[PDB]
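K.L.:
I would like to see how this sequence folds:
(2 chains, ligands or ions: 5)
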Amino acid sequence: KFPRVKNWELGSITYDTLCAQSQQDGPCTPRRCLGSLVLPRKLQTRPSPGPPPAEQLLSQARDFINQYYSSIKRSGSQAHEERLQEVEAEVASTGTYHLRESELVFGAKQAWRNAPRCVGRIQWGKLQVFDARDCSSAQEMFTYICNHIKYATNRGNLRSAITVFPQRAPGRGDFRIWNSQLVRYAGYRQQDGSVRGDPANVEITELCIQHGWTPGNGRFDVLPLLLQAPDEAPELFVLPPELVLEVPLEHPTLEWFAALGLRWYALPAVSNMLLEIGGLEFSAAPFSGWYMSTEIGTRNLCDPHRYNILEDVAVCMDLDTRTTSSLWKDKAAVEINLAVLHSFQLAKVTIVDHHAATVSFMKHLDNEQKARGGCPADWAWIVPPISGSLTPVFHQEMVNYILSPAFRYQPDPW
Amino acid sequence: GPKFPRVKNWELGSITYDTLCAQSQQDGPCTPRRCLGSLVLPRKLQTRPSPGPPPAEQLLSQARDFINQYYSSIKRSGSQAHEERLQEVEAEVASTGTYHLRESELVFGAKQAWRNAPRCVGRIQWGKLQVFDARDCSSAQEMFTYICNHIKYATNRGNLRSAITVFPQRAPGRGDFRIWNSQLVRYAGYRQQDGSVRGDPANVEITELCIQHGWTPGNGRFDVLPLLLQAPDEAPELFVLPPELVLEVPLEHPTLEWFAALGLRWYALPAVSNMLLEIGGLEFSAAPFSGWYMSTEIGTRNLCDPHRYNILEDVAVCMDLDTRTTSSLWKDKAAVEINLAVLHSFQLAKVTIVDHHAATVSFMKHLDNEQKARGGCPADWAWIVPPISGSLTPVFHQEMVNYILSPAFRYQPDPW
Ligand code: HEM
Ligand code: HEM
Ligand SMILES: C[C@H](O)[C@H](O)[C@H]1CNc2nc(N)[nH]c(=O)c2N1
Ligand SMILES: C[C@H](O)[C@H](O)[C@H]1CNc2nc(N)[nH]c(=O)c2N1
Ligand SMILES: [Zn+2]
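P.N.:
Numbering: from 1, shown residues only, chains lettered A, B, ... in the order given. Ligands and ions are numbered 1, 2, ... in the order given. Sure, structure below:
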């Protein structure tokens, strides 16, 4: 009933009992495992043709309120009893309900804690939660967002934060941020099929232009935001450059690296996921932390479908690009990740390397085994994209499952 | 759309549907409530020992399914030979509780077991396998002869050739044929007074089993072990492989002159010998198989795992790296040079080896072939993606569907 979980480096064994608290089904079955798929349409939180059934909603809300009071140890207080009755009252008459701010703050931190793809969860207790539920216009969202970013960047001393915009309502369209992150580089599909900039952002770049943006022509042009208030066309907002802290990439010993003209932005802020707490859904709730260097040095700069700089750097290093067996790719990638760490350190911008980060996740796993009898984790996302078995999490068996509060994928608004 | 897993490649943006998983008849460890995909041995890929003969009715369904597979493969499904073969199997089981495979059925089943292996990145080679039929073997000393012949054929002086040797199947009223060793070539692991280990820590128990069975130990880092071989109902017997049959490669580096002085080496032939070959419900408890190495198996896992030869810090020190901080990427730097040494050394010695870029590129081609041939390919992402340079290889960006197809290579309990 409970998985036996082994760490093959240390020989230690634990049992995951927390997984019995899952109530949402993942994509696997006993007949085939789909653990490596990025998004099955299933766990995804898509639009609906009306208001959720009140029984389901109140089951999730009761469990959540139950989590909250257990969390402040008044589980069973009259406050508890009373809050449950308010929630019951509000659902039965309106089909929905509202969270108290302190509940929202607990719920956002628990959603991060529960995120099986996040290797940075040892920080989960440390999150600035901005309540933006009194927002009624795109213009307003922009102001809250600009405030998120100033707070979170903090001159390079990054601090984790989330801004929560108004929940989804049966009666209307959603508040959405169309960009997948608050900071994104444009991707221009020049004539010859090519792409200048970040190919991951060709479609959003196109939407921006189509919605009146005047495009640049560089490899790192920061896109404007497309922000959407319920049932209205999204509106275009250009971020103040002063708010977007960037790091030009240099290498500690290769002189010519700086000449590649490469850079990346300081703040990782995901803006297209849905935050679910107690059955309520926040379709606009951007969150940010700081980067793990492999995100930049390895995936964003060396993926074949991204900036794909591996061969340029190898040729620069005078590597033998003729055969696979010279390991030119491996060698170039190491230096590019080294350049990322060097540059952030030099610019005094928070960053964490993949060894430090996975070591801290191992400690986090230990903490959560004690605290809750397990930790949901997605092995393929937790092991880094370089040097996998050189890190401790490679040798660690992991159990993956969905707990709520949760961050979830949702359909693109367009 | 289709009622099958939709599978995407994120580098290429292409999509496929896996229909082959429909054929899966054995349940894995995952459920809608939680995924156990990252577990090495869930109790869903391991075959416990049958002290008793499998129930006739369970055996026959498994047998009929495999015989249908065989006749489909030679495109005589529904045929008179087909119906006749089925009948014969039902009679054999019907009177003796078991049955036996024709030679060409064994060859098909063995190649199919490899094709069906979700954790193997080398399956593009699956059609090319020398199948040694050793089902006449009747003693521990004969197994030894069969195995030496295997090694000589497979090794072929450095031009390696895939091969498997099949010993008699599990039989009701009879103990099992077993090779106690996990591979045909294993370096000794000697526990030290300090509690440390000299040699390969993965092999401590077998090293001690050998000793306990009368082997006289050495005290090197790379002492080849003797084979513990077991014929039915007999205690296992100790056999020493003549040195000349075990080809080894001393490791050197193409530009780092001092690396040779490290005195490192690895053997040329990867030959797994403790897995169970299952065909049509029949169980071959001893059926060693071999291919050639992918360089990361040696350079990354065997040499750099913390619980294996653990040489990262040694090599980093020689490269004069800052081993006192993580963000110098000293582990990453050293690993790369250790893997390059392995490739360089195997090439120089003209022993077959495949780097992890070439191997995963070839696996992508296999996935394409198999989509067409069978509408899918069961694959264990965590094992297929290499332990270094993961997203620098094509398989990282390919979603995969994992399931159990039979004929199969299965884990089985230790014989002791
Ligand atoms: C404090 C620093 C943190 C670090 C170093 C960090 C690290 C990571 C990494 C390496 C990933 C993978 C990203 C990718 O491959 O695209 C990620 C995923 C994730 N992080 Fe964290 N994390 C941290 C903070 C945050 C915070 C503040 C939250 C939420 C409140 C967050 C929630 C998540 C979620 C939901 C995912 C999955 C994203 C997806 O599915 O695309 N993390 N994090
Ligand atoms: C021709 C060369 C081949 C290549 C390069 C190759 C490569 C690999 C690799 C890298 C693994 C992972 C090993 C590990 O991490 O411990 C593996 C596993 C596997 N291979 Fe292949 N393979 C080859 C041939 C063979 C052949 C000939 C067979 C069988 C007929 C075989 C059957 C398997 C099986 C069943 C596994 C899984 C074993 C386990 O769970 O420990 N492979 N192979
Ligand atoms: C197909 C496969 O799941 C996909 O490439 C995953 C693998 N692991 C990953 N891990 C992280 N952290 N981020 C990713 O985007 C991915 N992509
Ligand atoms: C815990 C985890 O499943 C384990 O370390 C796996 C990961 N991937 C692997 N991949 C290969 N090829 N070989 C292995 O031994 C493993 N070990
Ligand atoms: Zn699974």
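
K.L.:
who's in contact with the residue of the stretch 151-300 of chain A found nearest ligand 2?
P.N.:
The shortest separation between the stretch 151-300 of chain A and ligand 2 is 21.8 Å, found at residue A:298 (distances taken as C-beta to the nearest ligand atom). Backbone N, C-alpha and C define where each C-beta goes, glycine included. By C-beta atoms under 8 Å, 6 or more residues apart in numbering or on different chains, residue A:298 lies in contact with A:333, A:336-337, A:384-386, B:391-392.

K.L.:
if we go to 6 Å?
P.N.:
Taking C-beta atoms under 6 Å, 6 or more residues apart in numbering or on different chains, we find residue A:298 in contact with A:337, A:385-386.

K.L.:
in TSV, list these along with neighbour count and distance to chain B.
P.N.:
Putting the contacts of residue A:298 into TSV (neighbours: other C-beta atoms under 10 Å in any protein chain shown; distance: C-beta to the nearest C-beta, whole Å) gives the following:
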residue	neighbour count	distance to chain B
A:337	26	6
A:385	24	4
A:386	28	6
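
K.L.:
mind listing which of those are in helices?
P.N.:
If you go by DSSP state H, the contacts of residue A:298 have residue A:337 in helices.

K.L.:
so which of the contacts of residue A:298 comes closest to ligand 5?
P.N.:
The shortest separation between ligand 5 and any of the contacts of residue A:298 is 20.5 Å, and it belongs to residue A:385 (by C-beta to the ion).

K.L.:
now that closest one, nearest residue through space, not along the chain?
P.N.:
The shortest distance from residue A:385 to any residue other than its chain neighbours is 3.6 Å, reached at residue B:391 (C-beta to C-beta, 6 or more residues apart in numbering or on different chains).

K.L.:
gap between that neighbour and ligand 4?
P.N.:
As for residue B:391, its distance to ligand 4 is 15 Å (criterion: C-beta to the nearest ligand atom, to the nearest Å).

K.L.:
can you redo the contacts of residue A:298 as a markdown table with distance to ligand 2?
P.N.:
As requested, the contacts of residue A:298 are arranged in a markdown table below (distance: C-beta to the nearest ligand atom, whole Å):
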| residue | distance to ligand 2 |
| --- | --- |
| A:337 | 25 |
| A:385 | 18 |
| A:386 | 18 |
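
K.L.:
which parts of chain A sit against ligand 1?
P.N.:
By C-beta under 6 Å from any ligand atom, the part of chain A that sits against ligand 1 consists of A:112, A:115, A:117-120, A:123, A:127, A:160, A:162, A:270, A:287, A:289-290, A:292, A:295, A:352, A:357, A:407.

K.L.:
out of these, which end up buried?
P.N.:
Applying a neighbour-count criterion of 16 or more other C-beta atoms under 10 Å in any protein chain shown, the buried members of those are A:112, A:115, A:118-120, A:123, A:127, A:160, A:162, A:270, A:287, A:289-290, A:292, A:295, A:352, A:357, A:407.

K.L.:
just those residues: which are in helices?
P.N.:
The subset of those located in helices under the criterion DSSP H comprises A:112, A:357.

K.L.:
need the three-state assignment for residue A:167.
P.N.:
Going by DSSP: H, G, I helix; E, B strand; the rest coil, the secondary structure assigned to residue A:167 is coil.

K.L.:
next: residue A:14.
P.N.:
Under three-state DSSP, the three-state class of residue A:14 is strand.

K.L.:
close enough to count as contact, it and residue A:5?
P.N.:
Yes. Counting by C-beta atoms under 6 Å, residue A:14 sits close enough to residue A:5 to count as a contact (5.0 Å).

K.L.:
give me the contacts around the strand or helix carrying residue A:151.
P.N.:
Here residue A:151, judged by DSSP states H and E, is contained in helix A:138-153. Applying C-beta under 6 Å, 6+ apart, the set of residues contacting helix A:138-153 from outside is A:132, A:135, A:159, A:161, A:163, A:227, A:229, A:235, A:237, A:243, A:245, A:266-267, A:288.

K.L.:
repeat that for 7 Å
P.N.:
Taking C-beta atoms under 7 Å, 6 or more residues apart in numbering or on different chains as the criterion, the residues outside helix A:138-153 that touch it are A:128, A:130, A:132, A:135, A:158-159, A:161, A:163, A:165, A:175, A:182, A:225, A:227-229, A:234-235, A:237, A:243, A:245, A:266-267, A:269, A:284, A:286, A:288.

K.L.:
quick one: contacts for the closest residue to ligand 2 within chain A?
P.N.:
Going by C-beta to the nearest ligand atom, ligand 2 is nearest to residue A:389 of chain A, at 9.8 Å. When the contact criterion is C-beta under 7 Å, 6+ apart, the partners of residue A:389 are B:300-301, B:305, B:387.

K.L.:
ok, back up a step: please flag which of the contacts of helix A:138-153 sit within strands.
P.N.:
Among these, the ones falling in strands (DSSP state E) are A:128, A:130, A:161, A:163, A:225, A:227-228, A:235, A:237, A:269, A:288.

K.L.:
of the residues you listed, which is the most crowded?
P.N.:
Within these, most neighbours by other C-beta atoms under 10 Å in any protein chain shown means residue A:163, with 30 neighbours.

K.L.:
surely that residue touches residue A:132?
P.N.:
Yes. With contacts defined as C-beta atoms under 7 Å, residue A:163 counts as touching residue A:132 at a distance of 4.9 Å.

K.L.:
ligand 1 versus residue A:326, what's the distance?
P.N.:
According to C-beta to the nearest ligand atom, residue A:326 and ligand 1 sit 28 Å apart.

K.L.:
that residue - how many residues pack around it?
P.N.:
Applying other C-beta under 10 Å, I find that residue A:326 has 19 neighbouring residues.

K.L.:
same thing with residue A:2?
P.N.:
The number of residues packed around residue A:2, counting by other C-beta under 10 Å, is 15.

K.L.:
in the stretch 251-400 of chain A, what residue is nearest ligand 5?
P.N.:
Distances from the stretch 251-400 of chain A to ligand 5, computed as C-beta to the ion, single out residue A:400 as the nearest residue at 7.1 Å.

K.L.:
what sits against that residue?
P.N.:
Residue A:400 sits next to A:26, A:35, A:116, A:376-378, B:34-35 when contact means C-beta under 7 Å, 6+ apart.

K.L.:
what's across from it in the sheet?
P.N.:
Beta-bridge pairing of residue A:400 under DSSP bridges involves residue B:35.

K.L.:
give me the phi and psi for residue A:279.
P.N.:
For residue A:279, the backbone dihedrals are phi 100, psi -10 (criterion: degrees, to the nearest 10).

K.L.:
wait, doesn't it sit right on residue A:60?
P.N.:
Yes. Using C-beta under 7 Å, residue A:279 and residue A:60 qualify as a contacting pair, with a distance of 3.5 Å.

K.L.:
among the contacts of residue A:298, which are in reach of ligand 5?
P.N.:
Taking C-beta under 5 Å from the ion as the test, ligand 5 is in contact with none of the contacts of residue A:298.

K.L.:
out of the contacts of residue A:298, who's nearest ligand 3?
P.N.:
The nearest member of the contacts of residue A:298 to ligand 3, counting by C-beta to the nearest ligand atom, is residue A:385 at 6.4 Å.
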